[PDB]
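Peer 1: these chains are from a complex, not moved at all, and more is on the way:
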Amino acid sequence: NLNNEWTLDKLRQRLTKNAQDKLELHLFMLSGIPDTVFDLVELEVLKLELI
């Protein structure tokens, strides 16, 4: 249900730029890492908090 709810497009839109000016994705208090997250080959920084 996490994979289906967190679709690839939603994470892609949620992609942000960190201080070093590169793509970063913040996952906070999620029950896990969606499998669609690992399809973001353009991601450079992966932040996981309280998973």
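Peer 2: That came through, no problem. Numbers count the residues shown, from 1 in each chain, chains lettered A, B, ... in the order given.
Peer 1: could you pull out the strands for chain A?
Peer 2: All strands of chain A, identified by DSSP state E, fall at A:16-17, A:23-28, A:45-49.
Peer 1: who wins for proximity to residue A:37 among the ones you listed?
Peer 2: Of all the strands of chain A, strand A:23-28 sits nearest to residue A:37, with 6.7 Å by Cβ to Cβ. From N, CA and C alone the C-beta is placed, and that goes for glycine too.
Peer 1: could you give the angle of the closest one to strand A:45-49?
Peer 2: Per axes from the mean of the first three to the mean of the last three Cα atoms, to 10 degrees, the angle that strand A:23-28 makes with strand A:45-49 is 10 degrees.
Peer 1: in the sheet, which strands lie alongside strand A:23-28, parallel or antiparallel?
Peer 2: In the sheet, strand A:23-28 lines up against strand A:16-17 (antiparallel), strand A:45-49 (parallel) (DSSP bridges).
Peer 1: okay, now chain B:
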Amino acid sequence: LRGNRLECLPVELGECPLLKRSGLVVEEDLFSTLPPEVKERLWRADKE
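Peer 2: Let me put chain B in with the others:
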């Protein structure tokens, strides 16, 4: 040049006959310190 401790860029960087947007990989904060003319020429070279 991404990740370097660069505070400024040369003003002669635009004098490159073959250089596109993809050819330069730098963070955007220090990509604007150069004069606007060379940046706009680089964007002009990016049309095709």
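Peer 1: so what sits opposite residue A:26 in the bridge?
Peer 2: Beta-bridge partners for residue A:26, by DSSP bridges, are residue A:47.
Peer 1: so who does it touch?
Peer 2: Applying Cβ atoms under 8 Å, 6 or more residues apart in numbering or on different chains, we find residue A:26 in contact with A:14, A:16, A:47, A:49.
Peer 1: in this structure the second one contacts residue A:24, no?
Peer 2: Read it as residue A:16. Yes - between residue A:16 and residue A:24 there is a contact under Cβ atoms under 8 Å: 5.4 Å.
Peer 1: ok so, going back, for residue A:36, state which of the contacts of residue A:26 is nearest.
Peer 2: For the contacts of residue A:26, the nearest to residue A:36 is residue A:14 (11.1 Å; Cβ to Cβ).
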